[PDB]
Amino acid sequence: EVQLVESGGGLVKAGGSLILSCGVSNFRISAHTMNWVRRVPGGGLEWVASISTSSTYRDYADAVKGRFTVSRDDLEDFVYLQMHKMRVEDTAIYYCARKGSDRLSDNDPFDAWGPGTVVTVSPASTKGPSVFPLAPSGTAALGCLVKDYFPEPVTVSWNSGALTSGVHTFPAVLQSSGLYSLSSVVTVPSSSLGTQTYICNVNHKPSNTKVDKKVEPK
Amino acid sequence: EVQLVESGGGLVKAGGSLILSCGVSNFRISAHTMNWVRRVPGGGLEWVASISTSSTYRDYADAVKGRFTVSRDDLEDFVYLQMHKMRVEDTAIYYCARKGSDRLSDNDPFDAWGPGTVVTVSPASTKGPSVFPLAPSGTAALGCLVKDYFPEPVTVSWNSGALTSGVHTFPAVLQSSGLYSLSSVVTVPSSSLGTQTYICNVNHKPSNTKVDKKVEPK
Amino acid sequence: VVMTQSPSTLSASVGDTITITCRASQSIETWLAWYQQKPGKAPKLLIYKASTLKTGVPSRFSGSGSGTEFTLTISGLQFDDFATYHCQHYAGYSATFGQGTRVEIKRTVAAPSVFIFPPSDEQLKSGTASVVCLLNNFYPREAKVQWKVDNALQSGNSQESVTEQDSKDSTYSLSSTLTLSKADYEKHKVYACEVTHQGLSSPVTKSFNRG
Amino acid sequence: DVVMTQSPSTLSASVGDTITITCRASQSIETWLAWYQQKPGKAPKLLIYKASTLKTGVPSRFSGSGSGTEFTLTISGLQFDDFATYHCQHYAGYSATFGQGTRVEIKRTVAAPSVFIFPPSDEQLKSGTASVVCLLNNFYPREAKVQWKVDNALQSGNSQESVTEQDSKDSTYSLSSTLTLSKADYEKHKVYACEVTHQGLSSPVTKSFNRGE
Ligand SMILES: OC[C@H]1O[C@H](O[C@H]2[C@@H](O)[C@H](O)[C@@H](CO)O[C@@H]2O)[C@@H](O)[C@@H](O)[C@@H]1O
Ligand SMILES: OC[C@H]1O[C@H](O)[C@@H](O)[C@@H](O)[C@@H]1O
């Protein structure tokens, strides 16, 4: 029996990119126009893209034109769908489908379909950080923890840029949650912990978030 | 200047699949062998895969052979890398790189590289569910909440299969965390809440997890 | 070209002869196909060029029409035929679908029995509160659940799941889970789920007070 | 298969120095050898190929030599822009293979890390997550090891680390390690400690705190 199988689905943040692929069993794709179709949550089907034999014609639904790309690999029998700038309404089950019939003509229905791969686009394309103090215990260390933001980057200054000496802002780490986190620290004279106020200025331009956190002994 | 740009990186669970693509600016890929290379966390580069002009040969590193596939689309100038059965040690920055030079010769270096896309493979390929009781506050309703598991499916029975009438086990939902969650409920006579014991048997074959939870009034 | 199917939901009895209609915004000759699709499965081609039955498809399926008006007829519904049906205009390099028709077993209207469950202490000690609302054995399928915390309409923090038609009584059931961190859950007192459904003359609310 | 090995793995030098990086092939590769520069988070850039051909536009202080199994990249007069990783590469008709990379860094004296531990802020803890932070400040060279212990129990798998580039004024490195725990798990134990080793320390350094004190 003819078979198709999609790979590559999953969760995507709005604005992100995801690439799907389709492989086959028991036929060769080269004689067929290949298609992507999606089943939206309301239940209906939406044609997404088509690629003719020899890739002579590539066609897209109006809703994805300029964001999606379809390619074919006739020698190892794969079809690809690049999805860029993804939107909430791209959320759907994506199928690869062969255009064909028992007897090929210039315009055939979709006679063979893969089982589908789920693609889910979350609505937030950005997220501002939470900012927590790293409280100081002759030299003391203090800082700010900038946690759970997306995407990069974040900038950190101290005392609106007046405190630069001794400052280290670390590279962000990608947490297992898919959110970024970084720390910014500074060492200062221990005697100043009583008099001087220390404020870290965290700016996250993607989410248009600014946070000023005062760090003081606990 | 010639340019390349990778798309499609992100977080993947071990055993999962992810597909990358590469598009270009200011040259045509058809005259070039195209390559994928990765920079591992220790800092070194590892050649991953190549595809020759006209796709005469597709070559793979020993570590990825049988799991990765490279394809080329010479008409719209894209290269693809399918990555399947992914392993923690596939975690890296992935670059597309063309074999070429100021003057193409029989054997050239990699003269143009994309900026790279980050691919992160988490070690757990499965995760067993937490099972919480849905406590019964005529006819009463009780159940079990089977939360945070991966991948599908989970099966649920009640009282080792002796209680079937009135049982509804719902389709799982994909949570924003990427973990699945489903609830199984049953309606029963309110009079039986004092004497009859109700146990939901949750089985998660992928993680070889079995849980028997007794549901009783608060 | 825009394709419009009707009805959106068709309720019928086993053995019935039913028709599904598809209308095209402009003439498409006979370039029309019909697919069946079961939940979570792939579409299956039934008929193409308006009336040609795909080999192996049972003879109780048939299609007719040309130009702008097309019909799919199922002559003697069997249990296997309850499913969604899709029409499709297909051209050489593109296609477009109608919105689909869900064919279900007809029964009398049945209002949901509503139950709300607070988070278990165990889960709550881990830092997460799952509050579950259950709509049991209702018909037809359309139901609406709204969560309110201290009379505050929630939005974006719940997920729903619905069963297929029960094999014995042809009803549906629905579970809605409102998820909140232990911290946010302890910020409010009254948790309530509000249900509307064709079988309810006014909305039904089930609630509990935290603690 | 051809294996390429670079020497040294980390090369420490001063601005203006002339330095050499060596690359060795496990079998003869004629002159099919290329050298790349790469800065953190950036793409590799081709410097030299066929062992000694400078890519057009690459500054003349870079040069390469060698054939067979022994190759060298020479940088004659290091500028600040040249502190980076350098990679050698054997490239053949279908595949290529790289050395392990050589990091060229600014040389300074050995400096032991100054270690600091931070408990989670009460604010974060009330949201249900506890991030415990360990700071290793201003050490050199870059290799250091940090381990977390909770109630004297060696932890495993619940921490992430990141390291700065060489400080612009004193050329040291700094490192942060974050141990992440749910509020529930965090309130289950008392003593939180990070333990540090570094060649500049004669014995491990431990910083700890007691939850709530
Ligand atoms: O999308 C049009 C058509 O494309 C594919 O068939 C092509 C070729 O392989 C066939 O031999 C001829 C027959 O007329 O048509 C095309 O050139 C198939 O996908 C076909 O089913 C489809 O209608
Ligand atoms: O692999 C041999 C040869 O293949 C292509 O022509 C290009 O990639 C060249 O740069 C390379 O030298």
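Restricting C:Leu53, C:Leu77 to those that are of a type outside the set (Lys, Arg), farther than 26 Å from A:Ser50 by Cβ and surrounded by 15 or more Cβ atoms within 10 Å (Cβ to Cβ) reduces the list to C:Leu77.
Tell me whether the range A:23-32 contains one or more residues that are out of contact with any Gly (no Cβ under 9 Å at 6 or more places or on another chain), away from chain B (no Cβ under 13 Å), part of a strand (DSSP E or B) and of a type in the set (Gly, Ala, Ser). Looking for residues that are out of contact with any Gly (no Cβ under 9 Å at 6 or more places or on another chain), away from chain B (no Cβ under 13 Å), part of a strand (DSSP E or B) and of a type in the set (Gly, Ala, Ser), one finds at least one in the range A:23-32, hence yes.
The set of residues in the range B:1-22 being away from ligand 2 (no atom under 16 Å from the Cβ) and assigned to a strand (DSSP E or B) consists of B:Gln3, B:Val5, B:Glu6, B:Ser7, B:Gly10, B:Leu11, B:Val12, B:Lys13, B:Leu18, B:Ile19, B:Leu20, B:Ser21. Within the range B:44-70, residues that are more than 26 Å from D:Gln37 (Cα to Cα) sit with their Cβ atoms under 6 Å from residues that are of a type in the set (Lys, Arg) and part of a loop (DSSP other than H, G, I, E, B), at 6+ positions apart or across chains, in these pairs: B:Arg67/B:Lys85. Within the range B:160-188, the residues that satisfy the criterion of being among the small types (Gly, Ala, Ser) and either in contact with a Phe, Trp or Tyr (Cβ under 6 Å, 6 or more places away or on another chain) or outside the structural domain of B:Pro217 (by CATH) (or both) are B:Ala172, B:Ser183. Restricting C:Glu122, C:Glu164 to those that are touching a strand residue (DSSP E or B) at 6+ places or on another chain (Cβ under 9 Å), within 14 Å of chain D (Cβ to nearest Cβ) and surrounded by fewer than 20 Cβ atoms within 10 Å (Cβ to Cβ) reduces the list to C:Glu122. Taking residues in the range C:152-164 that are farther than 17 Å from C:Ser207 by Cα, and partners anywhere that are in a loop (DSSP other than H, G, I, E, B) and hydrophobic (A, V, I, L, M, F, W, C), the pairs with Cβ atoms closer than 8 Å and at least 6 places apart or on different chains are C:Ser161/B:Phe170; C:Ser161/B:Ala172; C:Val162/B:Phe170; C:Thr163/B:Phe170.
Scanning the range A:165-179 turns up no residue that is surrounded by 13 or more Cβ atoms within 10 Å (Cβ to Cβ) and away from every other protein chain (no Cβ under 14 Å). If you go through the range D:48-86 and keep only what is within 24 Å of D:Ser168 (Cα to Cα), in contact with a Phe, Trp or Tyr (Cβ under 7 Å, 6 or more places away or on another chain) and within 14 Å of another protein chain (Cβ to nearest Cβ), you end up with just D:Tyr86.
Does B:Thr53 qualify as being of a type in the set (S, T, N, Q), at the interface with another protein chain (Cβ under 9 Å from one of its Cβ atoms), within 10 Å of ligand 2 (Cβ to nearest atom) and in contact with a helix residue (DSSP H, G or I) (Cβ under 9 Å, 6 or more places away or on another chain)? No. Condition check for A:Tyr94 on (1) under 18 Å from the mean Cα position of the chain (by Cα); (2) surrounded by fewer than 23 Cβ atoms within 10 Å (Cβ to Cβ): one failure, at (2). Per this entry, B:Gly161 is not counted among residues that are within 14 Å of chain D (Cβ to nearest Cβ) and either more than 16 Å from ligand 1 (Cβ to nearest atom) or hydroxyl-bearing (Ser, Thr, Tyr) (or both).
Give the number of residues within the range A:55-77 that are within 16 Å of ligand 1 (Cβ to nearest atom), aromatic (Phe, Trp, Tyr) and surrounded by 18 or more Cβ atoms within 10 Å (Cβ to Cβ). Final tally of qualifying residues: 1. Test C:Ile74 against the stated conditions and say whether it is under 30 Å from C:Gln198 (Cα atoms), outside any loop (DSSP other than H, G, I, E, B), touching a strand residue (DSSP E or B) at 6+ places or on another chain (Cβ under 9 Å) and not assigned by CATH to the domain that holds C:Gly199. Yes, satisfied. Can you give me the number of residues within the range B:70-115 that are in contact with a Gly (Cβ under 7 Å, 6 or more places away or on another chain), within 16 Å of ligand 2 (Cβ to nearest atom) and among the basic types (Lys, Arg)? Of the residues in the range B:70-115, 0 are in contact with a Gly (Cβ under 7 Å, 6 or more places away or on another chain), within 16 Å of ligand 2 (Cβ to nearest atom) and among the basic types (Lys, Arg).
Positions of Cβ are generated from backbone atoms using ideal geometry, with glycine treated the same way; all protein chains shown enter the neighbour counts. Basis: the model, the stated rules and, where named, an outside source; no laboratory instrument gave them.
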